[PDB]
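*Asks:* The structure that follows is given in the form of structure tokens.
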Amino acid sequence: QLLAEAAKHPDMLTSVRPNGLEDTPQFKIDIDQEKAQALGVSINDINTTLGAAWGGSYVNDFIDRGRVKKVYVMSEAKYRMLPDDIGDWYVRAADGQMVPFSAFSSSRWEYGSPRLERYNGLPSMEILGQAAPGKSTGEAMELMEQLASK
Amino acid sequence: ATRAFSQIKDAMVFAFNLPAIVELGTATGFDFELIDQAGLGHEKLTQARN
Amino acid sequence: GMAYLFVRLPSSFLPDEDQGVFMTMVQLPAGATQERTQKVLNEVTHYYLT
Amino acid sequence: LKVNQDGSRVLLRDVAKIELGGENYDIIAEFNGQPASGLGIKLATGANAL
Amino acid sequence: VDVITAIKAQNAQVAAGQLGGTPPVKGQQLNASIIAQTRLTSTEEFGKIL
Amino acid sequence: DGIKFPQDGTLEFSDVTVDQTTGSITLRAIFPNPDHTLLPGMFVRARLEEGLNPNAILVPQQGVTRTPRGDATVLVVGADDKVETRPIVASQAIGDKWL
């Protein structure tokens, strides 16, 4: 509402923009621990497999040309690009047979925010702007102060 | 002691006096430091020092 | 007249001066990938250099 | 990764594509259109810029 | 010890990663965050630990 | 290695029961192997065929957003050039397009 109201005075306020990402959809993987335990797999194996395949897990260090650099383990691009790719991963059961990840999992889309800002403890959101040519920043501050008291 | 110790076999032994202030090194001479800035390794560094 | 002109004069804090460098910020729609941002930045740099 | 008692083995290169890459690919840089890298430098709290 | 192990295993947070990973395949346009198992937030949820 | 097999086979259903510790069904297919290019017991990836269906609407991914509830919406434009929000149902994503 403040941005919409401030867009109505181009003669004083120019390039009035927010500072931060707005909102993004998020993906939620529902693991049915009941079915997973009934089949024979363990929750630790499922969690480690998902985290290492899609998130990447820092494992160890190794020397390279007289310098210590880390070794990472992560899936190879093609298999972690779409939700349906979650069906390509398999987990070893208790008796050694391998069960697909799609026999005990579900997918759901939700909403969320990527960045949260707080000023002086209380939640807050920050915007920026510049005064119009031929004007002074004090007049812009006054105009925004009088616009904020609604 | 140095004169009487040079005749000892299977040992390089020396004797000396502590500097005037034993908190920093002796102010005589220079302390050069060869540095590897390309990743040559220990063997190349020793060869260059030699 | 002094009082009226003092009231009239606008206020600020510090003048802005040319420094030879400035910045450009690009924000794409939420959920955008790296390729679209690269295309937008390519457009921006091509315009700036042409 | 798996060796039975007859010599049969499962090596890492049969499962993976081990190669030298970057720690994270989130940030890319381009100088005048060509690929490039960069080091940004912030002055500490209290010092002479020159 | 069984209860302790079950609580430790079923009340943890896992870094699921990100849809459309950091190195993208040529032609990607979707990117989002994966929200996997999270910490339990109620007594009724703690009572359902297997 | 990913190389497509030169010959093609057919599918004959053999098993209808569901495994208890795998939750999976085992389909069966036959393959002519005159050159003995595949030994018994190795691992292969079989691609099946289901059928085409021209009741298909493909929408580019960057045009579809999601409401806080969870359902998906898109931005349409009307006859009077006025934009509107139309909720839709996005089930599958193929390539870079929602179906």
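Going by the structure tokens order, chains are called A, B, ..., each with residues numbered from 1, while ligands are numbered from 1 in the order shown.
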Which residues are close to residue 43 of chain A, i.e. within 10 Å by only C-alpha atoms, leaving aside same-chain residues fewer than 3 positions away? Reply as a ChimeraX atom specification.

*Replies:* /A:31-33,36-37,40,46-49 /E:6,9-10

*Asks:* Against chain C, which residues of chain F fall within 12 Å? For each one I want the closest pair of atoms and the distance in Å (one decimal), counting only C-alpha atoms, rows by chain and increasing residue number, as a Markdown table.

*Replies:*
| residue | atom | partner | partner_atom | distance |
| --- | --- | --- | --- | --- |
| F:61 | CA | C:31 | CA | 9.6 |
| F:62 | CA | C:32 | CA | 7.2 |
| F:63 | CA | C:29 | CA | 9.9 |
| F:64 | CA | C:31 | CA | 10.2 |
| F:65 | CA | C:31 | CA | 8.9 |
| F:66 | CA | C:31 | CA | 10.7 |
| F:96 | CA | C:33 | CA | 11.6 |

*Asks:* So that I have them on file, write out the residues from the current selection with N, CA and C atoms, as a PDB file, in the first residue's frame.

*Replies:*
ATOM      1  N   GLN F  61       7.076 -22.636 -17.284  1.00  0.00           N
ATOM      2  CA  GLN F  61       7.145 -22.701 -15.827  1.00  0.00           C
ATOM      3  C   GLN F  61       7.158 -21.315 -15.193  1.00  0.00           C
ATOM      4  N   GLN F  62       7.831 -20.351 -15.822  1.00  0.00           N
ATOM      5  CA  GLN F  62       7.986 -19.041 -15.200  1.00  0.00           C
ATOM      6  C   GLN F  62       6.690 -18.241 -15.169  1.00  0.00           C
ATOM      7  N   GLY F  63       5.642 -18.701 -15.850  1.00  0.00           N
ATOM      8  CA  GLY F  63       4.366 -18.014 -15.842  1.00  0.00           C
ATOM      9  C   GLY F  63       3.370 -18.482 -14.806  1.00  0.00           C
ATOM     10  N   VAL F  64       3.652 -19.583 -14.115  1.00  0.00           N
ATOM     11  CA  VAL F  64       2.739 -20.161 -13.134  1.00  0.00           C
ATOM     12  C   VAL F  64       3.266 -19.866 -11.739  1.00  0.00           C
ATOM     13  N   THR F  65       2.417 -19.300 -10.887  1.00  0.00           N
ATOM     14  CA  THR F  65       2.775 -19.024  -9.502  1.00  0.00           C
ATOM     15  C   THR F  65       1.866 -19.834  -8.584  1.00  0.00           C
ATOM     16  N   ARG F  66       2.112 -19.741  -7.279  1.00  0.00           N
ATOM     17  CA  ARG F  66       1.354 -20.512  -6.302  1.00  0.00           C
ATOM     18  C   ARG F  66       0.859 -19.602  -5.189  1.00  0.00           C
ATOM     19  N   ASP F  96      10.563 -27.973 -19.147  1.00  0.00           N
ATOM     20  CA  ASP F  96      10.409 -26.686 -18.481  1.00  0.00           C
ATOM     21  C   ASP F  96       8.975 -26.174 -18.562  1.00  0.00           C
TER      22      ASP F  96
END

*Asks:* Would you list the contacts of residue 10 of chain C as a ChimeraX atom specification, taking every protein, DNA or RNA residue within 12 Å and counting only C-alpha atoms, but skipping same-chain residues closer than 4 positions in sequence?

*Replies:* /A:134-142 /C:5-6

*Asks:* Could you turn the residues from that selection into a file that holds C-alpha atoms, as a short mmCIF file (atom, residue, chain, number, x, y, z; two decimals), in the first residue's frame?

*Replies:*
data_model
loop_
_atom_site.label_atom_id
_atom_site.label_comp_id
_atom_site.auth_asym_id
_atom_site.auth_seq_id
_atom_site.Cartn_x
_atom_site.Cartn_y
_atom_site.Cartn_z
CA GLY A 134 15.62 19.51 -8.71
CA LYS A 135 14.58 18.47 -5.19
CA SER A 136 16.34 17.83 -1.89
CA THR A 137 16.38 14.67 0.21
CA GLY A 138 14.82 16.55 3.13
CA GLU A 139 11.66 17.24 1.14
CA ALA A 140 11.50 13.56 0.16
CA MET A 141 11.87 12.57 3.82
CA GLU A 142 9.06 14.96 4.78
CA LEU C 5 13.57 32.78 3.51
CA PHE C 6 14.87 30.50 6.27
#

*Asks:* My list of candidates is E:17, E:5, E:26, E:12. Which is closest to chain F when distances are computed with only C-alpha atoms?

*Replies:*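 Ranked by minimum distance to chain F, first place goes to E:26.
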
*Asks:* Define the interface residues of chain A facing chain D as those within 12 Å, counting only C-alpha atoms, and report them as a ChimeraX atom specification.

*Replies:* /A:55-58,62,64,69-77

*Asks:* Please produce an output containing N, CA, C and O atoms for each residue in the selection, written as a PDB file, in the first residue's frame.

*Replies:*
ATOM      1  N   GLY A  55      21.142 -32.074  -1.152  1.00  0.00           N
ATOM      2  CA  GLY A  55      21.747 -30.938  -0.486  1.00  0.00           C
ATOM      3  C   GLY A  55      23.258 -30.907  -0.557  1.00  0.00           C
ATOM      4  O   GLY A  55      23.866 -29.837  -0.469  1.00  0.00           O
ATOM      5  N   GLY A  56      23.878 -32.072  -0.717  1.00  0.00           N
ATOM      6  CA  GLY A  56      25.324 -32.154  -0.725  1.00  0.00           C
ATOM      7  C   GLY A  56      25.881 -32.180   0.681  1.00  0.00           C
ATOM      8  O   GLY A  56      25.503 -31.353   1.516  1.00  0.00           O
ATOM      9  N   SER A  57      26.781 -33.117   0.962  1.00  0.00           N
ATOM     10  CA  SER A  57      27.309 -33.315   2.305  1.00  0.00           C
ATOM     11  C   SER A  57      28.821 -33.158   2.281  1.00  0.00           C
ATOM     12  O   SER A  57      29.514 -33.897   1.574  1.00  0.00           O
ATOM     13  N   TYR A  58      29.326 -32.198   3.051  1.00  0.00           N
ATOM     14  CA  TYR A  58      30.763 -32.063   3.236  1.00  0.00           C
ATOM     15  C   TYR A  58      31.293 -33.266   4.003  1.00  0.00           C
ATOM     16  O   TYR A  58      30.803 -33.589   5.089  1.00  0.00           O
ATOM     17  N   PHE A  62      41.335 -32.846   1.774  1.00  0.00           N
ATOM     18  CA  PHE A  62      42.427 -33.492   1.066  1.00  0.00           C
ATOM     19  C   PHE A  62      43.397 -32.425   0.589  1.00  0.00           C
ATOM     20  O   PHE A  62      42.999 -31.302   0.267  1.00  0.00           O
ATOM     21  N   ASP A  64      45.970 -30.687  -1.994  1.00  0.00           N
ATOM     22  CA  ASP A  64      46.016 -30.547  -3.447  1.00  0.00           C
ATOM     23  C   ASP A  64      47.005 -29.436  -3.764  1.00  0.00           C
ATOM     24  O   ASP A  64      46.736 -28.268  -3.467  1.00  0.00           O
ATOM     25  N   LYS A  69      41.880 -28.642   0.633  1.00  0.00           N
ATOM     26  CA  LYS A  69      40.579 -28.308   0.077  1.00  0.00           C
ATOM     27  C   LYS A  69      39.599 -29.426   0.398  1.00  0.00           C
ATOM     28  O   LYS A  69      39.986 -30.574   0.621  1.00  0.00           O
ATOM     29  N   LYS A  70      38.318 -29.082   0.419  1.00  0.00           N
ATOM     30  CA  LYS A  70      37.307 -30.025   0.865  1.00  0.00           C
ATOM     31  C   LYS A  70      36.877 -30.953  -0.270  1.00  0.00           C
ATOM     32  O   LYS A  70      37.087 -30.678  -1.456  1.00  0.00           O
ATOM     33  N   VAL A  71      36.274 -32.076   0.113  1.00  0.00           N
ATOM     34  CA  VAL A  71      35.703 -33.025  -0.836  1.00  0.00           C
ATOM     35  C   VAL A  71      34.199 -33.074  -0.600  1.00  0.00           C
ATOM     36  O   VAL A  71      33.745 -33.293   0.530  1.00  0.00           O
ATOM     37  N   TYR A  72      33.432 -32.840  -1.658  1.00  0.00           N
ATOM     38  CA  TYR A  72      31.981 -32.785  -1.594  1.00  0.00           C
ATOM     39  C   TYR A  72      31.383 -33.967  -2.342  1.00  0.00           C
ATOM     40  O   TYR A  72      31.971 -34.480  -3.298  1.00  0.00           O
ATOM     41  N   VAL A  73      30.201 -34.386  -1.902  1.00  0.00           N
ATOM     42  CA  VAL A  73      29.478 -35.500  -2.502  1.00  0.00           C
ATOM     43  C   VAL A  73      28.067 -35.016  -2.808  1.00  0.00           C
ATOM     44  O   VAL A  73      27.349 -34.581  -1.900  1.00  0.00           O
ATOM     45  N   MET A  74      27.672 -35.080  -4.079  1.00  0.00           N
ATOM     46  CA  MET A  74      26.394 -34.512  -4.488  1.00  0.00           C
ATOM     47  C   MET A  74      25.928 -35.210  -5.759  1.00  0.00           C
ATOM     48  O   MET A  74      26.742 -35.712  -6.535  1.00  0.00           O
ATOM     49  N   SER A  75      24.611 -35.245  -5.956  1.00  0.00           N
ATOM     50  CA  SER A  75      24.046 -35.842  -7.157  1.00  0.00           C
ATOM     51  C   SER A  75      24.451 -35.050  -8.397  1.00  0.00           C
ATOM     52  O   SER A  75      24.822 -33.877  -8.327  1.00  0.00           O
ATOM     53  N   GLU A  76      24.358 -35.709  -9.553  1.00  0.00           N
ATOM     54  CA  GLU A  76      24.893 -35.167 -10.801  1.00  0.00           C
ATOM     55  C   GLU A  76      23.776 -34.500 -11.598  1.00  0.00           C
ATOM     56  O   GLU A  76      23.205 -35.074 -12.525  1.00  0.00           O
ATOM     57  N   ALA A  77      23.469 -33.259 -11.217  1.00  0.00           N
ATOM     58  CA  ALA A  77      22.649 -32.351 -12.015  1.00  0.00           C
ATOM     59  C   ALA A  77      21.328 -32.952 -12.482  1.00  0.00           C
ATOM     60  O   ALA A  77      20.262 -32.580 -11.984  1.00  0.00           O
TER      61      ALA A  77
END

*Asks:* Give me the residues near residue 112 of chain A as a compact mmCIF listing (two decimals) with C-alpha atoms, in the first residue's frame, where near means some atom within 7 Å (using only C-alpha atoms) and where sequence neighbours in that chain fewer than 2 positions away do not count.

*Replies:*
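Result went into out28.txt, see below:
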# COMPACT_ATOMS: atom_id res chain seq x y z
CA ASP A 23 8.13 -14.43 -1.41
CA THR A 24 8.75 -17.80 -3.03
CA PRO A 25 6.95 -21.13 -3.39
CA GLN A 26 8.53 -24.02 -1.51
CA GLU A 110 3.51 -24.42 -0.12
CA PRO A 114 13.33 -16.33 1.53

*Asks:* Any chance you could list, as a VMD selection string, the residues in segment 2-89 of chain F that come up strand (DSSP E) when DSSP is run on the backbone?

*Replies:* chain F and resid 10 to 11 29 to 30 59 to 60 64 to 66 72 to 77 83 to 88

*Asks:* Counting only C-alpha atoms, which of F:2, F:88, F:97, F:11 gets nearest to residue 50 of chain F?

*Replies:*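 Comparing F:2, F:88, F:97, F:11 against residue 50 of chain F, the winner is F:11.
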
*Asks:* Give me the residues of chain E that have any atom at most 12 Å from an atom of chain F; for each, the nearest atom pair and the distance in Å, rounded to one decimal. Use only C-alpha atoms, sort by chain and number, and format it as CSV.

*Replies:*
residue,atom,partner,partner_atom,distance
E:20,CA,F:96,CA,11.3
E:25,CA,F:95,CA,11.0
E:26,CA,F:96,CA,10.9
E:27,CA,F:96,CA,7.5
E:28,CA,F:96,CA,6.5
E:29,CA,F:96,CA,6.0
E:30,CA,F:61,CA,6.4
E:31,CA,F:62,CA,9.7
E:32,CA,F:65,CA,11.7

*Asks:* Would you mind exporting the chosen residues as a short mmCIF file (atom, residue, chain, number, x, y, z; two decimals), in the first residue's frame, restricted to C-alpha atoms?

*Replies:*
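File selection_39.cif, as written:
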data_model
loop_
_atom_site.label_atom_id
_atom_site.label_comp_id
_atom_site.auth_asym_id
_atom_site.auth_seq_id
_atom_site.Cartn_x
_atom_site.Cartn_y
_atom_site.Cartn_z
CA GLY E 20 17.10 -26.84 -9.43
CA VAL E 25 21.50 -28.30 -16.45
CA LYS E 26 21.23 -26.40 -19.73
CA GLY E 27 17.61 -25.28 -20.01
CA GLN E 28 16.38 -25.05 -16.42
CA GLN E 29 13.61 -22.62 -15.46
CA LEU E 30 12.27 -23.92 -12.12
CA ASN E 31 13.97 -23.27 -8.79
CA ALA E 32 12.62 -23.69 -5.26
#

*Asks:* Would you kindly return, as JSON, numbers by chain, each protein, DNA or RNA residue with an atom no farther than 12 Å from any atom of residue 40 of chain C, considering only C-alpha atoms and excluding same-chain residues fewer than 3 positions away?

*Replies:* {"C": [24, 25, 26, 27, 28, 29, 32, 33, 34, 35, 36, 37, 43, 44, 45, 46, 47]}

*Asks:* Would you mind reading off the distance between atom CA of residue 90 of chain F and atom CA of residue 85 of chain A, one decimal, in Å?

*Replies:*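 Pair atom CA of residue 90 of chain F / atom CA of residue 85 of chain A returns 16.6 Å.
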
*Asks:* Could you work out which residues of chain E fall inside 12 Å of chain D? Count only C-alpha atoms, and format the result as a ChimeraX atom specification.

*Replies:* /E:18,20-24

*Asks:* At most 6 Å is the cut-off: for each residue in chain A with any atom that close to an atom of chain F, write down the nearest atom pair and the distance in Å rounded to one decimal, counting only C-alpha atoms, chain first then increasing number, as a Markdown table.

*Replies:*
| residue | atom | partner | partner_atom | distance |
| --- | --- | --- | --- | --- |
| A:39 | CA | F:21 | CA | 4.5 |
| A:99 | CA | F:22 | CA | 5.0 |
| A:109 | CA | F:70 | CA | 5.5 |
| A:110 | CA | F:70 | CA | 4.8 |
| A:111 | CA | F:68 | CA | 4.9 |

*Asks:* Residues of the last selection are to be written out with N, CA, C and O atoms, as a compact mmCIF listing (two decimals), in the first residue's frame.

*Replies:*
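So part17.txt came out as:
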# COMPACT_ATOMS: atom_id res chain seq x y z
N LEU A 39 8.14 -51.35 5.59
CA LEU A 39 8.88 -52.00 4.51
C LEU A 39 10.20 -52.59 5.00
O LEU A 39 10.58 -53.69 4.61
N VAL A 99 14.52 -50.43 -2.38
CA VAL A 99 13.15 -49.94 -2.55
C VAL A 99 13.18 -48.52 -3.10
O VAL A 99 13.99 -47.70 -2.65
N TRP A 109 3.22 -28.56 -2.50
CA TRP A 109 3.71 -27.21 -2.70
C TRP A 109 3.12 -26.27 -1.66
O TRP A 109 1.92 -26.35 -1.35
N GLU A 110 3.95 -25.39 -1.12
CA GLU A 110 3.51 -24.42 -0.12
C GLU A 110 4.16 -23.08 -0.43
O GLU A 110 4.85 -22.92 -1.44
N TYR A 111 3.95 -22.11 0.45
CA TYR A 111 4.47 -20.76 0.28
C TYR A 111 5.48 -20.45 1.38
O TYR A 111 5.49 -21.10 2.43

*Asks:* Check every residue of chain A for an atom within 6 Å of chain E, counting only C-alpha atoms, and provide those that qualify as a PyMOL selection string.

*Replies:* chain A and resi 26-29+51+54-55+81

*Asks:* Please produce a file of those selected residues containing N, CA, C and O atoms, as an mmCIF file, in the first residue's frame.

*Replies:*
data_model
loop_
_atom_site.group_PDB
_atom_site.id
_atom_site.type_symbol
_atom_site.label_atom_id
_atom_site.label_comp_id
_atom_site.auth_asym_id
_atom_site.auth_seq_id
_atom_site.Cartn_x
_atom_site.Cartn_y
_atom_site.Cartn_z
ATOM 1 N N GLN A 26 7.622 -23.042 -2.095
ATOM 2 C CA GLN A 26 8.526 -24.017 -1.511
ATOM 3 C C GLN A 26 7.972 -25.419 -1.713
ATOM 4 O O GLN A 26 6.764 -25.622 -1.872
ATOM 5 N N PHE A 27 8.881 -26.387 -1.691
ATOM 6 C CA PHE A 27 8.570 -27.790 -1.909
ATOM 7 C C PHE A 27 8.693 -28.544 -0.594
ATOM 8 O O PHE A 27 9.663 -28.359 0.146
ATOM 9 N N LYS A 28 7.711 -29.394 -0.300
ATOM 10 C CA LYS A 28 7.689 -30.162 0.933
ATOM 11 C C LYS A 28 7.564 -31.636 0.590
ATOM 12 O O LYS A 28 6.640 -32.036 -0.129
ATOM 13 N N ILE A 29 8.494 -32.434 1.101
ATOM 14 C CA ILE A 29 8.520 -33.873 0.878
ATOM 15 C C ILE A 29 8.001 -34.538 2.144
ATOM 16 O O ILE A 29 8.643 -34.476 3.197
ATOM 17 N N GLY A 51 19.646 -35.902 2.105
ATOM 18 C CA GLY A 51 20.548 -34.787 2.340
ATOM 19 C C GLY A 51 21.793 -34.838 1.476
ATOM 20 O O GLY A 51 22.244 -33.812 0.962
ATOM 21 N N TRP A 54 20.593 -34.470 -2.586
ATOM 22 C CA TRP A 54 20.073 -33.191 -3.053
ATOM 23 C C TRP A 54 20.752 -31.987 -2.419
ATOM 24 O O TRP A 54 20.924 -30.966 -3.093
ATOM 25 N N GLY A 55 21.142 -32.074 -1.152
ATOM 26 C CA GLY A 55 21.747 -30.938 -0.486
ATOM 27 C C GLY A 55 23.258 -30.907 -0.557
ATOM 28 O O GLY A 55 23.866 -29.837 -0.469
ATOM 29 N N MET A 81 16.618 -32.045 -10.570
ATOM 30 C CA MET A 81 16.105 -30.842 -11.208
ATOM 31 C C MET A 81 14.593 -30.692 -11.153
ATOM 32 O O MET A 81 14.107 -29.558 -11.214
#

*Asks:* Which residues of chain B are close to chain A, meaning at most 12 Å apart when you count only C-alpha atoms, and how do they look as a PDB file with N, CA and C atoms, in the first residue's frame?

*Replies:*
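Heads up, here's the output in iface.pdb:
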ATOM      1  N   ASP B  36      58.214 -20.524  -1.243  1.00  0.00           N
ATOM      2  CA  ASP B  36      57.575 -21.125  -2.405  1.00  0.00           C
ATOM      3  C   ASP B  36      56.269 -20.385  -2.671  1.00  0.00           C
ATOM      4  N   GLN B  37      56.150 -19.792  -3.860  1.00  0.00           N
ATOM      5  CA  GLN B  37      54.952 -19.052  -4.242  1.00  0.00           C
ATOM      6  C   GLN B  37      54.266 -19.655  -5.463  1.00  0.00           C
ATOM      7  N   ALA B  38      54.600 -20.896  -5.815  1.00  0.00           N
ATOM      8  CA  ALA B  38      53.963 -21.557  -6.947  1.00  0.00           C
ATOM      9  C   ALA B  38      53.542 -22.992  -6.675  1.00  0.00           C
ATOM     10  N   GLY B  39      53.942 -23.595  -5.558  1.00  0.00           N
ATOM     11  CA  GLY B  39      53.582 -24.968  -5.270  1.00  0.00           C
ATOM     12  C   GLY B  39      54.581 -25.965  -5.818  1.00  0.00           C
ATOM     13  N   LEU B  40      55.866 -25.605  -5.782  1.00  0.00           N
ATOM     14  CA  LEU B  40      56.898 -26.483  -6.325  1.00  0.00           C
ATOM     15  C   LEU B  40      57.056 -27.744  -5.484  1.00  0.00           C
ATOM     16  N   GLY B  41      56.965 -27.616  -4.168  1.00  0.00           N
ATOM     17  CA  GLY B  41      57.130 -28.735  -3.262  1.00  0.00           C
ATOM     18  C   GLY B  41      58.375 -28.583  -2.403  1.00  0.00           C
ATOM     19  N   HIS B  42      58.586 -29.592  -1.556  1.00  0.00           N
ATOM     20  CA  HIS B  42      59.729 -29.564  -0.650  1.00  0.00           C
ATOM     21  C   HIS B  42      61.032 -29.859  -1.383  1.00  0.00           C
TER      22      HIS B  42
END

*Asks:* Can you tell me, as a ChimeraX atom specification, which residues in chain E count as alpha helix (DSSP H) by DSSP?

*Replies:* /E:2-10,43-46

*Asks:* Please compute the atom CA of residue 26 of chain B-atom CA of residue 6 of chain B distance, one decimal, in Å.

*Replies:*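 Straight-line distance from atom CA of residue 26 of chain B to atom CA of residue 6 of chain B works out to 24.2 Å.
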